[PDB]
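Novice:
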């Protein structure tokens, strides 16, 4: 399922980046573990 | 009769969803309801 | 299921959101303080 889900997911990505810059721990309750891993992966590459 | 059945069933579905809809802003309360479904 | 994204930094549509979404000691410290307290007692006496 794509159309709305994409716009939701990338907001979580951007929020994770803000949390990284703030040094706030990004933790979303009920986030699926694999999607959590994907987002953290891309946040770490952007951070590097 | 097939055309009439499709029309009437479309009307019934449409009006039932309207009755469900009728039970700070419309979008903001829909977002808050979505967050209540999330929990 | 993906949760709805609620930012603490951004609010594009101006939604008023429920407030709750917008929101042990290591033993060495005890040992350190105790040792300094005993050293102070030694000084006094």
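Residue numbers (the authors' numbering), protein chains in the order written: chain A, 774 to 821; chain y, 163 to 185, 196 to 211; chain K, 164 to 186, 196 to 217.
Even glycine gets a Cβ: it sits at the ideal position worked out from N, Cα and C.
1) Taking the alpha-carbon positions, what's the residue 175 (chain K) to residue 205 (chain y) distance?
2) How about residue 210 (chain y): is its C-beta nearer than 7 Å to some C-beta of chain K?
3) Using the beta-carbon count (16 or more within 10 Å), is residue 789 (chain A) buried or exposed?
4) When DSSP labels each residue in this structure, what does residue 211 (chain y) get in the three-state scheme?
5) Straight-line CA distance for residue 812 (chain A) to residue 206 (chain K)?
6) Does any CB atom of chain K fall closer than 7 Å to the CB of residue 207 (chain y)?
Specialist: According to the data block:
1) As a first step, residue 175 (chain K) is located in the third chain; it is residue number 12 there, counting from the start. As a first step, residue 205 (chain y) is located in the second chain; it is residue number 33 there, counting from the start. Cα to Cα, the separation comes out at about 18 Å.
2) Position 38 of the second chain, counted from the first residue, corresponds to residue 210 (chain y). Yes - at least one Cβ of chain K is within 7 Å of the one on residue 210 (chain y).
3) Reading the first chain from its first residue, position 16 is the one you call residue 789 (chain A). The residue in question, residue 789 (chain A), is buried, as its Cβ has 16 or more Cβ neighbours within 10 Å.
4) For the purposes of this step, residue 211 (chain y) is taken as the residue at position 39 of the second chain. Residue 211 (chain y) falls in the coil class under three-state DSSP.
5) Here residue 812 (chain A) refers to the residue found at position 39 of the first chain. Here residue 206 (chain K) refers to the residue found at position 34 of the third chain. Near 46 Å, if we compare the C-alpha coordinates of residue 206 (chain K) and residue 812 (chain A).
6) Counted from its first residue, the second chain places residue 207 (chain y) at position 35. Taking Cβ atoms only, chain K reaches closer than 7 Å to residue 207 (chain y), which makes this a yes.
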